[PDB]
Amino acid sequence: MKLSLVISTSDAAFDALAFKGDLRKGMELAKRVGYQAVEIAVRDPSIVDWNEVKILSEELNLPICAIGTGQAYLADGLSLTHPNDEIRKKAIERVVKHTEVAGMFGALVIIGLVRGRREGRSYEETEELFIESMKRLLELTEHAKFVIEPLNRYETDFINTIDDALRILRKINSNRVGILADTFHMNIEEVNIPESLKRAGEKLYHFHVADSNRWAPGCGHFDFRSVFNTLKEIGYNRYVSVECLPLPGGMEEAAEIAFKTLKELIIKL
C-alpha cells in the first residue's frame, strides 16, 4: 500500500498563477510529509499547461496517481447521465480530455459527481444511461482507467454504495473500470464497511480516507483499524489517498496528522 495526498488547486482559467502556486505548494507539502504521490482535481484540463505540471512532478519525484472530475458537474453542469443528450456528449468529451492528461501521468480518472443524478427519473434509466456513457468512454480511450466513487445521499441519489457500483461494473464488464471507496462516504452509506470492502475485492482500485467529520484521519471516530485489517486481507496494494478538510489546524497540519495516523495503521499490518 502507498500513501497519497489530495491537493486543492484554484481553477486555472481565471487564475493560471494561482493554480500553479497551489499545485507547487501542495506537492512540496506532500513530499515533505512523506507522501508517495499526489492526487488532483481539475474542472477543465484544456486550460492548464500540463507540460509544466509534468516537469514539477519530475523535479519532486512525485507522481500524480488520480485526477478528479467533479467540478465539471458542479461548475459546468456536465453530467454523463444528463437528460439532454447534447450535455451528455459534452460531458463525455470533457472526461476524454481528463483521460488525455491521465495518460501523461499514468493516473486514474475518477468518476464522481460527473456521473450526474437521477433528476426525477428511475434508478434503472439513470443506470442505463450511465453504462452507455461509460461504454462510450471505453470505446474512445485505449489506455484510460476509471474508478467509480460511491457518494453519500446528500451529494447524489445515484450510486451511494459499493454494492451499487459493483452491480454497474458487472454490466460494463471491463477491467479498465473499478471502484474508489471513500471512508467519509461509507461511514454514512455502508452497513458493514469491512464486509463491503471484501465484496469489492479485486475491484477496489483506489481509496479515499478522511475521518467521520471529514477531518484528518485520527481526528474523528471512524474505525480505520478494521478497514486496514480488511485491506490487508483482500491484498490491496494500491493508493490510500488522503482527501480531507484542512482540519484541524490548516492544510499542512491536517496532511501531517493524516500521514501519521495512516502510517501507524499500515506499518502494523
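In this text, residue numbers run from 1 along the sequence as written.
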(message) Mean CA temperature factor from the deposited coordinates, higher in 1-9 or in 259-267?
(response) 259-267
(request) Report the stretch with the higher mean CA temperature factor, choosing between 117-125 and 175-183 on the basis of the entry. (result) 117-125
(request) Among the candidates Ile67, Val48, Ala30, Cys219, give the one with the maximum CA B-factor reported in the record. (result) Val48
(request) Looking at the entry's B-factor column for C-alpha atoms only, identify whether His208 ranks in the lowest, middle or highest third of its chain. (result) lowest
(request) Sorting the chain's modelled residues by C-alpha B-factor, tell me whether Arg214 ends up in the lowest, middle or highest third. (result) lowest
(request) Check where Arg199 lands among this chain's C-alpha B-factors and tell me if it's the lowest, middle or highest third. (result) highest
(message) Using only modelled residues of the chain, where does the Cα B factor of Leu108 rank: lowest third, middle third or highest third?
(response) lowest
(request) Would you please rank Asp85 by its C-alpha temperature factor against the other modelled residues of its chain and give the third it falls in: lowest, middle or highest? (result) highest
